[PDB]
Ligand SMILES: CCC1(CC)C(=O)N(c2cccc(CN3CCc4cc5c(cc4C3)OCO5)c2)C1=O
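In structure tokens, the next block holds one chain alone, the form deposited without this ligand.
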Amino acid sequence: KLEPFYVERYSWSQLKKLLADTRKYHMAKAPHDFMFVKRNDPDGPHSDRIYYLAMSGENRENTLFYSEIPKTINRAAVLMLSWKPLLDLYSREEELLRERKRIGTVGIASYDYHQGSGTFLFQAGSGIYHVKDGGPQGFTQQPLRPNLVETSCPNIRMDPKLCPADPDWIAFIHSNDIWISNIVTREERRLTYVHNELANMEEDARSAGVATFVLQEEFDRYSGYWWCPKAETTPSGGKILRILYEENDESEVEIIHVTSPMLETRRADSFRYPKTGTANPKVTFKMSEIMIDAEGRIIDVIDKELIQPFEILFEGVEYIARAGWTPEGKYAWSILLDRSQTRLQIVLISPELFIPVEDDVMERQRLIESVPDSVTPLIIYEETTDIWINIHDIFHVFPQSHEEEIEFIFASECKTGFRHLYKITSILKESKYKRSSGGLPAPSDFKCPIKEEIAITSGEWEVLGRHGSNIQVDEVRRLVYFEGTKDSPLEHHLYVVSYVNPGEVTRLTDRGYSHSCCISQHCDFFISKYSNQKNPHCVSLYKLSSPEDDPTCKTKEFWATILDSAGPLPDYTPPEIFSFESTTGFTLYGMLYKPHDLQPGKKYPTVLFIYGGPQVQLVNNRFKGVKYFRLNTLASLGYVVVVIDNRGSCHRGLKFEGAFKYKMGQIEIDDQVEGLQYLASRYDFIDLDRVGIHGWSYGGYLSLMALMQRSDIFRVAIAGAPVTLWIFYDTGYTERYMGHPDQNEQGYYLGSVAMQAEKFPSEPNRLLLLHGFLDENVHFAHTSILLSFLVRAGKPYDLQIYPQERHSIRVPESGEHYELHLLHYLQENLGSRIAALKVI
């Protein structure tokens, strides 16, 4: 055998300096939310102005910038675009939204724009502001002082949107009701009256226009209202504007208490948290109909409800996943899920389906009878799966050729097990169901027949539709731009394909990098944010053209750099990606960080960093030197570091993901250990007697499962924010992967760490629990209940709390302490001479 390498035993103070010195040379948002606006100046040198959000440097606010795209370039040179700033200068609601969106940025997080006017609308903290650039008014050559939208509202205004039909009007949320405001006339008007700010949340559980917790946390829907994009003209010379909105009633949702951040207060905030197996909010759709006169004064506002209840019209629907309008405004649409998340429906909802709210019963009947039986909801698409529906942002509706026909592109994993693009044409027929007759509809009564369903894409690879990945459709050339894994599961690339006669898929991005892309609305440019394992993130602009002979065919030319990378970082060596053929039948991928200054004939302690849950892939060809820089730091101290994407992880198709359905915690460690054993047979420097594991959230969960199941392999486990009882986690996530608890008694038992506390070791210095005290996602109770049972069972543990932190670690001091304590714990209980010496 080989002699063990012991890591150098630094003091706490020494380690603190070491970590400080290595952070001080080495967190600043790359450009995002791009939009392209044509200059339309035939004598001028620029084709387009691009607008984007970004941070200028470290410790600077996220704001709007523009850059000028020239008509031509010098192809001998590389053009660096100047960032010209567009502008010249937290509530509980903001804090929580930032937690749900996972945003560490200070300042402007998003913006709205209206092409025809050039009006930008954005929140910046307390205020809602607007400015004009790039419509009729023209293009600024310097930063603009914005205009504050006046209000009489006492509380934070959230979720501002411009009316696409009239950019004088905005909507927003205030104290969970919808308001509108005219930015020229200054008229302000409340539309919904479902919440009372003055009441306790315990008595007042209604809201309008907001996505509730599970929707923000588990489906990435943050808005609950949608402007109709067109205005209906009136005989008076006026108009009608429309807002579709979700109305929620959380009355029957369980109330939990989370410690208030103001620890001095010794108080706790109420949250509506739908735990697994308990009531989700009672949802419905409503519509606000807003009549405006000839000079922009409101005449009247009519609040309208569905002609029959949501539960009757949309049998079995638990969640409104997505909603919007068709481009013409003829129909509202929605993507709807059942509770088990195995049936998706895409449904068109005519405005004629809504009637005035009328508590008077004689008049209500008059209003019900006035709506014809022919007006029904139209299920244009329905799919099922034995695994789960993964919601995405891809849904493109074409202009209507015929009143009785709708054409759209959607994406789905349900046919083949990989997400692909499909062009569907559905028939809008009169339903067999007639309200008149006084019955209830059978489930199939609103289903439309499918005329055609053609696959645009196919194969053993996915189209991406989350995290800003979407499609862009060119209706002139009849093409669709999308991102996908076709070339490699370790790289994202941009592709184009014909939707009309689908065939050759053309890759637009270069191999050897993973890419995150944005296509211009005009379909003549795209941007790629790209990196690889060796090289930090860059952002570049590419011009799209087609040959004279064939408008279908697309080519790419480099145009300009928006963001140059820092070169390779000097105090950072990347990991090697490896793979192994698993006994499970899949190729699994991993990353190996070898120890630095690797002495021959010595074997080194090993740390397995792990996530291992759904919706995430760790192993790919992206730069890891920012986010996973401390994995490199561990390697520099003489730990082997390993990361493995087990089954259940992302970007391998639905079957791969589906491996842990009903069985969370039961399979992931088998893969981790298999990878570990693959490495150890190939590399004698891995000391399998000194293996540690660490992860956060799902990673914390698995770190516990590893110690509990495989104490023969894992010497120490360091579990951050672990799920320890799946019954405490929420409906949307838990039930998706694990079903209802009654239908999976053994899965809930075996997958819940805290039900199995007897299986922990009776040796100390092996288990370390870390948790943000104020975590409203994974409640501290996961940790406290575990400890309750550990104590009852006579087992040792170590604990660290981050009393000012939620799920994330936001305050830098908290992160410095976490990093320091982690390295020190590993030093003392895994890597050093003293660690091996204290083993009993």
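Numbering starts at 1 and runs along the sequence shown.
Beyond what is shown, the protein has a form solved in complex with this ligand; the following relates to that form.
Contact annotation: this ligand lies within 4.5 Å of heavy atoms from the stretch 630 to 638 in the deposited complex, the single such stretch among 630 to 638, 359 to 367, 537 to 545, 568 to 576. Checked against this ligand in the deposited complex, the residues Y589, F314, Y422, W696 give one hit for a heavy atom within 4.5 Å, which is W696.
Residue-level contacts in the deposited complex: of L618, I471, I406, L767, one residue has a heavy atom within 4.5 Å of this ligand, and it is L618.
Mapping the unseen interface onto this chain, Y818 counts among the residues with a heavy atom inside 4.5 Å of this ligand in the deposited complex. Under a 4.5 angstroms non-hydrogen atom cutoff, this ligand in the deposited complex lacks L15 among its neighbouring residues. Contact check for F609: a heavy atom falls within 4.5 Å of this ligand in the deposited complex.
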